[PDB]
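In order, the protein sequences belong to chains AU, AQ, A2, AB, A3, AI, AP, AS and AE.
For the first sequence, counting from 1, position 47 maps to 201 in PDB author numbering; every step adds exactly one.
Note that the second sequence covers residues 2A, 3 to 87 in PDB author numbering.
Note that the third sequence covers residues 2A, 3 to 59 in PDB author numbering.
For the fourth sequence, counting from 1, position 26 maps to 174 in PDB author numbering; every step adds exactly one.
For the fifth sequence, counting from 1, position 16 maps to 143 in PDB author numbering; every step adds exactly one.
For the sixth sequence, counting from 1, position 90 maps to 147 in PDB author numbering; every step adds exactly one.
For the seventh sequence, counting from 1, position 87 maps to 132 in PDB author numbering; every step adds exactly one.
For the eighth sequence, counting from 1, position 20 maps to 84 in PDB author numbering; every step adds exactly one.
For the ninth sequence, counting from 1, position 45 maps to 46 in PDB author numbering; every step adds exactly one.
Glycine included, C-beta positions come from ideal geometry on N, C-alpha and C.
Below is one structure, written out as structure tokens, with a few remarks after it.
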Amino acid sequence: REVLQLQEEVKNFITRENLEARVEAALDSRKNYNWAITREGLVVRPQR
Amino acid sequence: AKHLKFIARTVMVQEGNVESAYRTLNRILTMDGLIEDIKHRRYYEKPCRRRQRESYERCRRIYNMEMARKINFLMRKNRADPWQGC
Amino acid sequence: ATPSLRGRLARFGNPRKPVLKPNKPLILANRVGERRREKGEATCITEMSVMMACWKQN
Amino acid sequence: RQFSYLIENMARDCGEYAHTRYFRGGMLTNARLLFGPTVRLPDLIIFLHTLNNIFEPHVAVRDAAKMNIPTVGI
Amino acid sequence: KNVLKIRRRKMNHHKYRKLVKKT
Amino acid sequence: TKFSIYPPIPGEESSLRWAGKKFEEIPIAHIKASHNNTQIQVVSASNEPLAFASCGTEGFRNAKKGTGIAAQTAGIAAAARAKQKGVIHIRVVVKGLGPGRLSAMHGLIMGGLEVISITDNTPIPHXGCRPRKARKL
Amino acid sequence: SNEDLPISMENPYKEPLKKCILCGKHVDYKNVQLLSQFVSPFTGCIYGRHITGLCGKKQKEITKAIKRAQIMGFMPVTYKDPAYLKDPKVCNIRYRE
Amino acid sequence: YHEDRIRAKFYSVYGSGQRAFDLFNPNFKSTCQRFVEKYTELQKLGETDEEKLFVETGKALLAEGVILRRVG
Amino acid sequence: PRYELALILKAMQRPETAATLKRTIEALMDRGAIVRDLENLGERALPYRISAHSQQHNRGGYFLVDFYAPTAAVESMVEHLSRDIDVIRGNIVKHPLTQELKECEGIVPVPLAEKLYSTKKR
RNA sequence: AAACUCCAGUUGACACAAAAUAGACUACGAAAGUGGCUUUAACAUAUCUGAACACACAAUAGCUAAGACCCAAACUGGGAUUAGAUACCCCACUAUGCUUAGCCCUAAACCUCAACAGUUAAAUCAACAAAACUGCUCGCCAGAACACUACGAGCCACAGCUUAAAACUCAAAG
Ligand code: FES
């Protein structure tokens, strides 16, 4: 199952073909790793 | 410092109450350990001395927290004696 | 809570080095410390300086 | 101390004796000096509570054994 | 424990080191 | 509104003006409270010296400098010179745990200045240079 | 023998074991918001577990992540980022009382 | 006692009802043991499933007229 | 194995960031790396002033490069980023998603330690 | 006091030094030791014990070169104190602490409590300390002081280390 899962992911890896394309696409996104937590243990993610 | 100024260890003065602000500042510095650290950093405390002091303070916290817990546990029994006379 | 006392002192069962080295047995006493009197400090030094400054001017 | 009155009353009613108070040292092992040379000591001691007020055995439990007085105890 | 037995070796050693230095 | 003890964030918009000036623009009073001395320097928000006074400049010498009364007069002397240059509201930045840490602040307000904020800047190495050896007292 | 004797069971009234707030949640050095929750607003000092209320595992993880995030240019060191002074308070520490 | 498992479950689902325990009466029965008895009696029939049995018991005690709160 | 490049760039304009990002991604590939993804964490103000390559930086663009490379490629890529004057700071770490978090059972409060001293009357 | 006054105070730029908080945690290592971040490599033995005729290690301090220089600092010089002060206090500055490459092989290297396998039953149990013990093995001890000494021997150690006595003396030492 791992190799199966791995085989699917490789289709989206950055190769030299999809390099500039992926660099332009990446310059438009903004992934956030910030989330807060509460005293009851509930993840509070900033809305936008 | 490379950091921004007037952010760390900064307290705002309310209604010109300087005494109360400096007091809250002192508390923050003390509650975080800064005051005691600055005082111990005046002279070099050798590693043998540092370990003797940390052990002493940690033996002290245990005893102090265990006595405080026994005082708080027995505080209920300080009430008036119910069988006064016998 | 209270800090743990498990495997902190040098005992036969304890394999590791002692963490704590108490001078006196960690055993509660039946008394508590006497209230220590607060050390005194000079007082009215501000009002004194105000008065002493006017003397110098006048 | 919650039952000192009850136990003192009960002892009077059955014509017997009660010591529900602070037990002075030597009441049993030093009775001929604390009471008089011809005093008669109890032949039986009934403990309704066997611990003193610091949660330790009443001294009389040991002193009864030293004086060879049987004891009943809760 | 006192250090009365250390102090004997302490002086012995001190005198010996001074003696070696002199000679 | 709840009075906030946290200083105004520079970038963020704020309504707190003390003499029409934003928090960023208020001059700063730097206090160096040493074990044997106290030094006060008032600077503009752009780091322009305005007034300076220390316990030594007020005539105190040797151990008399290491007092609260000597630190207070320096606060009064610095306040007198700072008010001549147009200073009213000051931010205070204290450095050290000397005897004249609070007395100097007293001298400043006793001299007519108004403290809007207190900041501590005592240097704490994280770990740095090894301090001198202990005294055998 | 008799059927009314105590059955050798395990305690059915046993309460679920207390887990810390961060139990099962990946602590990441990039998540400065979470990390900032556990440091002093005034000195940026990391709080001990008696304040954070964390377990041994997650106190270490938070500690290690803060030290990494700070030196990699993600988290300030001498204070708590002024942007996070409004996050849910989760630490058992009071400066005014 | 085996009844303790049922008592625990009832306390977890419903908790101590408004009914105030009267420990002075030697024959006092609480709503918990009332619940338990029903549960135990229905087990005598031959039901070996807790899920189905619990749903029945909870409603069989409501047929007798009980005050229960399942969410808290 | 799997790594992550925490890449702080020099808060440039799109042509220059795209140029810089492309350099970095190729230099990884040039050393035997299989680049998995590129993430943009956005241009923030730096937590503190970073001095790099004779410049004082206050802002910078934050990026992440998820990639696989041979263990020997780490030292070579680390040194490469040292000489890029558009990188404010670059650190390579083991990917945080590679590690699997063990299931935790719960805080167990510590009972007071016992039998530390003999039960003799002192 | 001497000292500094090319000095102090804000601000900016700037380590080959040392590693607040976390740590009220008690983990790693054979011990020594190890608490800033990252990465690579990596933490012996599927019975146990076991080398003072062996090997590999071993804090601090030292030694041999070659570098580094913020601070701390034996020595030394001033200031002070004192009857004296070759100290304690102040200032200054060096070897030294750091790196590299070799040595040296010592500590209250002590948690003065050996490894392995077990037992809380008995009679626990001189005192104190960190409760009393069993099996098994190795290593050590046999009044004090002479003596961390002398001789001999080995050692990159030449004021060194490791092994290590005797004579005279005592009726105690502990
Ligand atoms: S209780 Fe599970 S991670 Fe702390």
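In the displayed model, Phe88 (chain AS) falls within coil according to three-state DSSP, outside both helix and strand. With respect to chain AE, the C-beta atom of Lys6 (chain AQ) has no partner C-beta closer than 8 angstroms. Residues of the region 50 to 72 of chain AQ whose Cβ lies closer than 9 angstroms to any Cβ of chain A2, in chain order: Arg52, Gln53, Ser56, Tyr57, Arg59, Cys60, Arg62, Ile63, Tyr64, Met66, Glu67, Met68, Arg70, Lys71 and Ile72. Counting the other CB atoms within 10 Å of its CB gives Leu102 (chain AE) a total below 16, which places it among the exposed residues. Look at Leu29 (chain AE) here: in three-state DSSP terms it is helix. Straight through space, the alpha carbons of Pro16 (chain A2) and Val135 (chain AS) are spaced by roughly 50 angstroms.
What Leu130 (chain AP) touches in chain AI, judged by beta-carbon distance under 7 angstroms, is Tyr63, going in chain order. For the region 10 to 32 of chain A2, the set of residues with a beta-carbon nearer than 8 angstroms to any beta-carbon of chain AE comprises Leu10, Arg12, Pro26, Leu27 and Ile28, in chain order. Chain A2 has no Cβ within less than 8 angstroms of the Cβ of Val109 (chain AE).
Listed along chain AE is no residue with a C-beta nearer than 8 angstroms to that of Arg199 (chain AU); the closest approach is about 15 angstroms. Chain AP has no Cβ within less than 8 angstroms of the Cβ of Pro2 (chain AE). Along the region 44 to 56 of chain AE, the positions whose C-beta sits under 7 angstroms from a C-beta of chain AQ are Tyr49 and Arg50, read in chain order. Taking C-beta atoms as the reference points, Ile85 (chain AI) and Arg148 (chain AI) count as a pair closer than 8 angstroms. Rounded to the nearest whole angstrom, the C-alpha separation of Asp31 (chain AE) and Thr25 (chain AE) is 10 angstroms.
Distances between the C-beta of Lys102 (chain AP) and the heavy atoms of the ligand FES include at least one below 7 angstroms. Collapsing the DSSP output to three states places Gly125 (chain AI) in a helix. At a cut-off of 8 angstroms, the C-beta of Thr108 (chain AP) has no neighbouring C-beta in chain AQ. The continuous beta strand (DSSP E) containing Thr95 (chain AI) extends over residues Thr95 to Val100.
In terms of Cβ geometry, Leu181 (chain AU) and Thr18 (chain AE) form a close pair [threshold 8 angstroms].
Going by DSSP, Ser21 (chain AQ) is part of the alpha helix (DSSP H) stretching over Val19 to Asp33. Residue-level contact check: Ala9 (chain AQ) touches chain AP, since one or more beta carbons of chain AP fall below 8 angstroms from its beta carbon.
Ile133 (chain AI) sits buried, since 16 or more C-beta atoms from the chains shown fall within 10 Å of its C-beta. Listed along the chain, the chain AU residues whose CB falls inside 8 angstroms of the CB of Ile35 (chain AE) are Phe167. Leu62 (chain AP) places its beta carbon 8 angstroms or farther from that of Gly91 (chain AE). For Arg184 (chain AU), no CB of chain AP lies under 8 angstroms from its own CB, so it is not counted at the interface with that chain.
Annotation: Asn216 (chain AB) is outside any alpha helix (DSSP H) and is labelled neither H nor E by DSSP. The alpha-carbon separation between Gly43 (chain AE) and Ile116 (chain AP) amounts to approximately 19 angstroms. Interface flag for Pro127 (chain AP) against chain AI is set, since a Cβ pair is found closer than 8 angstroms. Excluding five sequence positions before and after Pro133 (chain AP), the CB atoms of its chain that fall closer than 8 angstroms to its own CB belong to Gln82, given in chain order. When DSSP states are grouped into helix, strand and coil, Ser111 (chain AI) belongs to the strand group. The three-state reading of DSSP puts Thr176 (chain AI) in strand, counting E and B together. At a cut-off of 8 angstroms between C-beta atoms, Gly89 (chain AP) counts as an interface residue with respect to chain AQ. Inter-residue distance for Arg170 (chain AU) and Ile51 (chain AE) is about 32 angstroms (C-alpha atoms, whole angstroms). In the structure shown, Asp68 (chain AS) adopts helical secondary structure according to DSSP, grouped into three states. Assignment of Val66 (chain AE) by DSSP, reduced to helix, strand and coil, places it in the strand class.
Shown here, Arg59 (chain AQ) sits in a helix according to DSSP, grouped into three states.
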